[PDB]
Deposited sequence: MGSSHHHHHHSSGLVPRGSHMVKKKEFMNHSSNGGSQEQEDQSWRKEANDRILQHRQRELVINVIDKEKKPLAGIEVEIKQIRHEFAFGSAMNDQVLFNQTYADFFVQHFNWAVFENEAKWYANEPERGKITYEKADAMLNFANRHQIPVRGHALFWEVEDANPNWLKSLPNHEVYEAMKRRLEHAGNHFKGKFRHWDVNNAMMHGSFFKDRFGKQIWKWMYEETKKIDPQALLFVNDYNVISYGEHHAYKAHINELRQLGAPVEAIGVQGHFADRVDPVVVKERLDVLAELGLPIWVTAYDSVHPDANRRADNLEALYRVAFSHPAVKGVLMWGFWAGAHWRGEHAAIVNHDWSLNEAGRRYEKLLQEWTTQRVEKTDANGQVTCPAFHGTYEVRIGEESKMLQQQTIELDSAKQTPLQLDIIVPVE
């Protein structure tokens, strides 16, 4: 209806910059090779043994994140026994295909998400584990992740807050800033654009910055049930946008047996977020029916690697949002272009 009309004006205003400058007027080719906006997805173990999953990933996503392989339990399954070999293998795969990778995650506030050995230790020995995690993992992945989900779901857990108070949150963002300062420190949480916890969230981010925590970017996870209302999402994003920090839809999915409802769910979120000027990237939390943590009713591509309707919608969406043109005045999307020399055009200036 009318939200799509508004969303598209917003898209062409904020996602495009006019072209042909110098560092003419007749016969040129304007092809886009890289996209500044993030159309990412979560990667899992399949990328290590499944060539089709990998090939698909590389032809559908320009940003990655690890579904488990950089969570604390997976990096320290037993206290003192430390491993990063899977996560490193994936960091190499990503770097081979120049895919920027979100780092996920240093800490998780809900008890259900942390190593079981941590759950029986006294507080001081808990913090000792926290200290090596932050310092061992922060140093190992220094310069390897564009972002960190420093702590996740503080609004819905209390494992660390209950033993050290909100001052331990400040600790996590300060110490991570110290070890890897080029990394964008994220808050990440759920039920904020899917459910209506955006006012609570915005207050939470405020509270974090006001106690000195350097949080620099807001992650909204974007886990929906069976419907995605584009206007309720847009209003909710506006509430968070008041903080002047970038918004990222970090882990999108919805679940509906009807692939058509999904396809429409994916378009409501993706188009609205892309339209919203505070949003800077959208990552889907999985794609394949054979390896989606919400099961096959969350997939865009089928068990047998044939697209379903959400997959083709996603693909159609990305073609819509790509500047291929032969024509010397062009509204081109932010990214890298090939002109027939390779050439960038970033978000920096409004031209």
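- In sequence order, the gaps in C-alpha coverage of the deposited chain fall at 1-41, 65-72, 377-383, 397-401, 413-428.
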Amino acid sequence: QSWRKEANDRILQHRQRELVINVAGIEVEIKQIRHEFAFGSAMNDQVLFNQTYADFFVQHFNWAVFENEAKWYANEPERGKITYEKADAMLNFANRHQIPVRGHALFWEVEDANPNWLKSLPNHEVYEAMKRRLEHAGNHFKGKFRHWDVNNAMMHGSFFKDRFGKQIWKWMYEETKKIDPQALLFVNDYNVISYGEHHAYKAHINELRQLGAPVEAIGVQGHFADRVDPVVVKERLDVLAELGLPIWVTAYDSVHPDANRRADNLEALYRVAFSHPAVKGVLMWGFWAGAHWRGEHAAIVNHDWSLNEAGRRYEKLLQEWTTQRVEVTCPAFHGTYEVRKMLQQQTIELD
From here on, numbers count along this sequence of modelled residues.
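- Per-stretch averaging of Cα B factors for 106-114 and 227-235 places 227-235 on top.
- Higher mean CA temperature factor between 197-205 and 95-103: 197-205, per the PDB entry.
- Taking the PDB entry at face value, the top CA B factor among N44, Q32, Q59, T52 belongs to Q32.
- In this entry, the residue among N260, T83, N139, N188 with the greatest C-alpha B factor is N260.
- In the deposited entry, the Cα temperature factor of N302 places it in the middle third of its chain's modelled residues.
- In this PDB entry, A251 carries a Cα temperature factor that places it within the lowest third of its chain's modelled residues.
- Ranked within its chain, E174 lands in the middle third, by CA B factor from the PDB record.
- Among the modelled residues of its chain, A74 has a C-alpha B-factor that falls in the lowest third according to the deposited record.
- Per-chain ranking of the deposited C-alpha B factor places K161 in the highest third.
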